[PDB]
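Below are the chains, spelled out letter by letter.
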Amino acid sequence: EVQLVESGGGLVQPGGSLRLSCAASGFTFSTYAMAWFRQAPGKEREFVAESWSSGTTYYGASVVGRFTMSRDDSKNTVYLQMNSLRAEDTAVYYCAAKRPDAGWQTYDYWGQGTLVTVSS
C-alpha cells in the first residue's frame, strides 16, 4: 500500500531552522501534488506548502517567506525547510499526496506525522 513517511521532527529554539523530509512510494509520485500540512494542539489542520513536479510551489500565508518546500522526483522525496521558527509553528507536521485529477482539496494519502516543537 502507499507509504508516506516523514523524518526530521524535533525541538528547536525560536529563530532556529529545521528541515523535514517525506519519503513516498506506492503511487505515481511524479504526477501527484505533494504537500505539507500541520496541526497545532487542539486546532484544525492547516495547509503549509505544496509542490508539483512542474516546479510550481506555494505556501500558506503564515509561512510564506520563511519556509520553502522542494521535491526530488528522482528520489521520491520532498523536503520542508523551515526558517525563523516561532513558538506558534509547534505542531504535528504531515506529508500528503494529491492526484492531479482530484479536486484541489482532496488528498488521498497522508503520512502519520512528525512532531515539531519550537520553544525557548
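- In terms of determination method and resolution, the entry is listed under X-ray crystallography at 1.27 Å.

1. What about the nonpolar core?
Soluble globular proteins tend to pack their nonpolar side chains together in the buried interior.
Then comes step 1: In terms of nonpolar packing, the biggest core is built from 26 residues, with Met-34, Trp-36, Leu-80, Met-82 and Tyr-93 touching the most fellow members.
Then comes step 2: For this core, the secondary-structure elements that each account for two or more residues are β3 (18-25), β4 (33-39), β5 (46-51), β7 (67-72), β8 (77-82), β9 (91-98) and β11 (114-118).

2. Brief notes about the side chain of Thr-77
Then comes step 1: In this structure, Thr-77 sits in strand β8.
Then comes step 2: Since its relative accessible area comes to 14%, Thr-77 is described here as buried.
Then comes step 3: Polar side-chain contacts of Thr-77 include one of 3.0 Å to the backbone oxygen of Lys-75.
Then comes step 4: Setting aside residues up to four positions removed in sequence, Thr-77 forms contacts with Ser-21, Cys-22, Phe-29, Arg-71 and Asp-72.

3. So, the packing of aromatic side chains
Then comes step 1: Applying the stated criterion to the full structure yields nine aromatic pairs.
Then comes step 2: Aromatic pair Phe-47 and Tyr-58: ring centres 6.2 Å apart, planes at 25°, arrangement stacked. Note that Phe-47 is positioned in strand β5 and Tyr-58 in strand β6 (residues 57-59), a separation of eleven residues in sequence.
Then comes step 3: A relative accessible area of 26% places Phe-47 in the partly exposed class.
Then comes step 4: Given a relative accessible area of 33%, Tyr-58 falls into the partly exposed group.
Then comes step 5: Every member of this aromatic cluster is reached through a ring pair, and the members are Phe-37, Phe-47, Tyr-58, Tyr-107 and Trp-110.

Analysis parameters
Residues numbered from 1 in each chain as written, not as in the entry; some residues may be left out. Heavy atoms only, no water. Core = buried A, V, L, I, M, F, W, Y, C linked by side-chain atoms within 4.5 Å. Buried < 20%, exposed > 50% of the residue type's maximum accessible area, 1.4 Å probe, protein only. Helix = DSSP H or I, 4+ residues; strand = E, 2+ residues; numbered from the N terminus. Polar contact = N/O pair within 3.5 Å; in protein donor to acceptor, adjacent residues only side chain to side chain. Contact = heavy atoms within 4.5 Å. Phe/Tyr/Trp six-rings, centres within 6.5 Å; stacked < 30°, edge-to-face > 60°.

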